[PDB]
Protein chains: 2
Amino acid sequence: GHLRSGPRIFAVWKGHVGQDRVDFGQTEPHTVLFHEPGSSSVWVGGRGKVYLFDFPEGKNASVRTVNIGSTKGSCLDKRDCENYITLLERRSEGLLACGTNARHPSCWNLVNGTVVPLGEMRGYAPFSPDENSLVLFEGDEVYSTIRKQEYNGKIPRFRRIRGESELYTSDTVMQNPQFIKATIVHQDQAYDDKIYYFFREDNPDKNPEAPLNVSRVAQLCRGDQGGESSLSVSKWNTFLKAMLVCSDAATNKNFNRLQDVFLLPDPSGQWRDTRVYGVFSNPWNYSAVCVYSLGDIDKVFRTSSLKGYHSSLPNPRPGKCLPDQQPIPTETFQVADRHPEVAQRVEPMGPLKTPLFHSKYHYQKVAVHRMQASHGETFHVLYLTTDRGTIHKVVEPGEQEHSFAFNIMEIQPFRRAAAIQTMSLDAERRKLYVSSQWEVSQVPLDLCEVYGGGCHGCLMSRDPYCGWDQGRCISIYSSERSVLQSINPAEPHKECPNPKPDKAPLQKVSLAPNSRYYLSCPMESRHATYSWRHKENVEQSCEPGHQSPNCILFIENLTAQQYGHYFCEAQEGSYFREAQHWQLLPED
Amino acid sequence: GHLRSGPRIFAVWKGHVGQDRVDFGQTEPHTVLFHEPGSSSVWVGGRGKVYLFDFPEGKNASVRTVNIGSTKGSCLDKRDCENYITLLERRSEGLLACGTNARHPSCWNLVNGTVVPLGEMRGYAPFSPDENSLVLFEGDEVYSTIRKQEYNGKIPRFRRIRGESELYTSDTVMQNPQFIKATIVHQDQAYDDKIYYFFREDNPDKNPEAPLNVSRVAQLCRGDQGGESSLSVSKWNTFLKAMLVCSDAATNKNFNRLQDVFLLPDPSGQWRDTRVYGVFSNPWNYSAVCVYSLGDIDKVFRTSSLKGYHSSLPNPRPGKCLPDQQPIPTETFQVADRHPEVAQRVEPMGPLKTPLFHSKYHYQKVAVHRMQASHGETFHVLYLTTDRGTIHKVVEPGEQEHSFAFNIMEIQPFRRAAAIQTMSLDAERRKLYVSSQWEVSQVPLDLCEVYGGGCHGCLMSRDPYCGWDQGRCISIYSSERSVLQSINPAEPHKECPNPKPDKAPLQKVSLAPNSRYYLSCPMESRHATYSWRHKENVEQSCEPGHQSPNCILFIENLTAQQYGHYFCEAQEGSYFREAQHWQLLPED
Ligand SMILES: *[C@@H]1O[C@H](CO)[C@@H](O)[C@H](O)[C@H]1NC(C)=O
Ligand SMILES: *[C@@H]1O[C@H](CO)[C@@H](O)[C@H](O)[C@H]1NC(C)=O
Ligand SMILES: *[C@@H]1O[C@H](CO)[C@@H](O)[C@H](O)[C@H]1NC(C)=O
Ligand SMILES: *[C@@H]1O[C@H](CO)[C@@H](O)[C@H](O)[C@H]1NC(C)=O
Ligand SMILES: *[C@@H]1O[C@H](CO)[C@@H](O)[C@H](O)[C@H]1NC(C)=O
Ligand SMILES: *[C@@H]1O[C@H](CO)[C@@H](O)[C@H](O)[C@H]1NC(C)=O
Ligand SMILES: *[C@H]1O[C@H](CO)[C@@H](O)[C@H](O)[C@H]1NC(C)=O
């Protein structure tokens, strides 16, 4: 195909000082970020407090710290008795904030500039921040992955902590799981409502050539009553899990390590159309992004046979929810409990169950925005974080073989380059909130001052969020409900006033013979090939996989033959552009 | 660990004109190379002829062509009726040469400048040169993977073409096999002799996350009589196959695609100690080298259960050779014929079944030479061809965690850069024979004119084949029986006359202010970090992953401040070296 999976532009963000990003007073190793779409406030739980950020549109942003210290039993022999706020959820009672509280998990409520404690609440926050925690809210129910006690066993479980009855996953359903994400899926009838959650676990296949871990999606019935026996009453009786596969067909490249998940509801309102985007990596830290539909996952769960069970399944099929608050029959539960893994794998959406794309970058988080271009065309744009603390903006492919993912840009969003610890996409304000151990940054999705290059450079960027107008490249959500934006196919520059690009400004230099010199051409587009030409002969050529950001022609001891005009030309596809034009004139 | 898996030096071979390599008269796409260790002759089968190369030590080499034209029925409607020589084997009767002969497989005997035809001999040569062929000779028995007829099925087989009776492998033992290499293995008793062969085939595992092909080693009893029934008489009744695994422990990295195998008998003469070196790649064309022992492979074959078979095995065990020419019992053959894969995998030798090393290069062939250093120490040196037409010389690791494979050098052995078609190591003459589509080249295993960093460079090379003597870096097999060679541990330069390296020659240059300029430092050692220093500060730093071969410090418009000394210093581990020394003097 085409290696356009690399960022085309290494953006340089010239924002509006004091408006785009704010630092914490100190360094916060463990954090959590909360932000509701549309709001101008951003909450961050840190060490012994919760930062309140304000990002007023078009105006300077600021902080505000609300200390909620470990003041509930300070430790003698001070070591690490901080109160890391690891949770921030908004309830009708206000903003719930839970923290470790010197190994005494508790929660507080923030309503009106108030800090009302609710005391110890196990299962709402770990005993240590560096733990693989997870809690989900739905109505007056809460599900958690956090142990309720410290001397608890070494078996992580998914539990309903608040609700009709407390339920926990049994010892046979997972093997050293690492939870990623969890959601509620509302099916056709309310009693069929499922809870899905994604995680990684040990591979049941212990052969030496099998990868150590595998990726999964598990389902549970929201209205699971519990089992019939005294031992099965308090356990989930509707568990089932499936393997998630993200592999390229053309090549035999597999990405088994699921890193992050992002759900995107379809404009149709149909739950089956909800998209599950997953970022996967492999032993080399290369990644791929696969997309699954809730409909496919559910179909697998209700028709696939179970691994290791070779006989007709019980009437109430394992995993199937039951109508009128009926508990799962023992016979049905025992099959499920012994054979929790379905046999068929969950593969990506549509024909050719292949990834949207893959690359040699190490991606950790993903967020997606379905959006409309100036001309009404709909595009899905993915935002990925690398383990190098940067963000990639990729346009998802559409039609067929002619369409591929297009990595339009990479950006380093912080004042101080660092690892990205959290990321949240606000599709309402069209902003991307990212944070590190030092600051919090608000990155616009419609950032286009980055594409220079006149009108051609603007449309050649392929960024669906912008177009050319009033002599500049600006956001389509700007004001004037109309801008010159391009057409998908090759040569998207055709719609500019000048059918052909601007010539480079002529640069002159006078040099004596035998002198040592060099000509540098900074390569803006990383998809282009750059050539230095003299007397119609290419003297130097720099291809897209070029490490240095400049294509340099070295002139050793200048000879008479090497006097004159030197052009550095850029060629992407069938597009050509004069990037540099020098003239070496004799002067001794 | 350490990434010393990349070549430390890109050798530049200045040999002896007319002595090192000879071209064919024309271009040969399909070739075979024969060469008996110690000989000065190299035979190469090609299109309609066989080449006779002569590589007289210390003297110019030459060619000689012996046309064996398709003169045995020239085709009407000429297309591709050549007689590609695909086999060269010397027997007591003389040099056996077999070819395609216009889709009419035949052999010829070359005794004393004569070309005696033996006529059509199916199984000795394919019908087309691009076919996956394999023929093995042992005593008066010949084995082959080549079909005997052109209208034959789509099932490749391993057959005994010459011997007491013809035996062929059944339809059930392999699925689209691609043969790599075969060998006879003499065990304790003659009747236990085995034939082992390596190959790739389809993965029986059809799950979407499973890789498409897998690597195997198969075993057959040389003394196999056949079966007991009319249908099994002519079939091999002792076939068993096992998956060959080459995966890294630390990382989870798997290399499932076997590319080439090389056998190295132990000095002890113990078959069980024979080493099997396999080169493996993966979907990304990255590679690793794993080592196995005939002992470990045999233990797997006689002790492992069979995949898919869960009952006590038959008394005479599947794959076990029988004493007095007894045919394999039907009850034994049927278990084997239905379950030919043993369940346990063959893993690398020694504790921590891991590769000797892996790198991001795409290796295709391997040869190993056990050698002794000047001080009697023994090292195993690997010779690997990349798919870029180069050879890598790696030194196998020894002791423990402190020892790692060391890639000491890369070399382009041809006058014309091309893909390496064949490679054969002659431990007798200490040479490596490599061929392409245009030439054949003899490469010394003891090449050291390549290391030129004075005494220190020579020892810093870690190349066990050489040391410093008579004011130069030379081969330990040269003459004086005694040279100054280094010590395995860090800082192997210590044993040189001057305890510390030679300062770099001073270079002066006069320039006027505001003049543009640059300093280039060719980076010889690819394992060192190079730094340009001025006024005690580094202005430019180049780390090992540096693409270009030069560390360049750029000087825009020269200023008064930036006048003076400039040093380019290289530093591998705890070793320093002045690679360049410039002094910019003022002059207008
Ligand atoms: C925003 O912060 C900047 C600090 O760089 C400050 O100069 C400016 O006054 C603030 N914005 C305004 C105009 O209030
Ligand atoms: C916030 O304060 C207002 C007025 O003081 C009060 O009416 C309201 O109940 C408070 N919020 C909650 C839910 O405690
Ligand atoms: C699989 O990966 C997880 C998380 O990366 C790790 O905790 C676990 O130990 C790994 N499995 C094994 C046994 O190596
Ligand atoms: C990427 O993978 C490597 C192993 O190949 C690992 O050591 C490294 O930590 C990973 N990158 C990061 C920093 O997450
Ligand atoms: C060996 O070949 C080279 C180049 O073909 C030639 O210059 C040289 O004279 C030859 N050696 C002799 C002494 O014939
Ligand atoms: C070739 O040499 C062998 C052994 O020296 C001899 O038997 C044979 O006759 C020779 N070939 C011919 C036909 O001269
Ligand atoms: C497995 O891979 C090999 C080599 O890459 C290829 O020749 C073979 O056709 C593949 N197997 C199948 C049937 O796809």
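So you know, we letter chains A, B, ... as the sequences are listed, proteins then strands, and number each from 1.
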>> Once side chain to side chain contact (heavy atoms under 4.5 Å, CB included) is applied, do any residues pair with A:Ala405, and if so which ones, sequence neighbours excluded?
In response: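 Checked A:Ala405 against side chain to side chain contact (heavy atoms under 4.5 Å, CB included); matches are A:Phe357, A:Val394, A:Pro397.
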> Most heavy-atom pairs under 4.5 angstrom with chain A, which of B:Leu511, B:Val509, B:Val245?
Replying inline: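 Max contact count across the listed options: B:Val245.
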>> The criterion is ring pair (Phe, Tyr, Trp, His ring centres under 6.0 Å); which residues satisfy it with B:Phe199, sequence neighbours excluded?
In response: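 Residues passing ring pair (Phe, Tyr, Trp, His ring centres under 6.0 Å) with B:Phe199: B:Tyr197.
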> Side chain, backbone, both or neither: which part of A:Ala249 has an atom under 4.5 Å from a heavy atom of chain B?
Replying inline: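 Contact with chain B: none, neither part.
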>> Can you tell me which portion of A:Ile552 sits under 4.5 Å from chain B's heavy atoms? Options are side chain, backbone, both or neither.
In response: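 The answer is the side chain of A:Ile552.
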> More than 12 non-hydrogen atoms from neighbouring residues, nucleotides or ligands closer than 6.0 Å to CG on A:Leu352, yes or no?
Replying inline: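 Result for CG/A:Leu352: open.
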Would you mind checking chain A against chain B for donor-acceptor pairs under 3.5 Å and listing them?
unit_1, atom_1, unit_2, atom_2, d
A:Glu209, OE2, B:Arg345, NE, 2.7
A:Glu209, OE2, B:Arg345, NH2, 3.1
A:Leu212, N, B:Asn252, OD1, 2.8
A:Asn252, OD1, B:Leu212, N, 2.9
A:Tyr286, OH, B:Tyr286, OH, 2.5
A:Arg345, NE, B:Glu209, OE2, 2.7
A:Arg345, NH2, B:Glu209, OE2, 3.0
A:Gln547, N, B:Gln547, OE1, 3.2
A:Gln547, OE1, B:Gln547, N, 2.9
A:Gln547, NE2, B:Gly545, O, 3.4

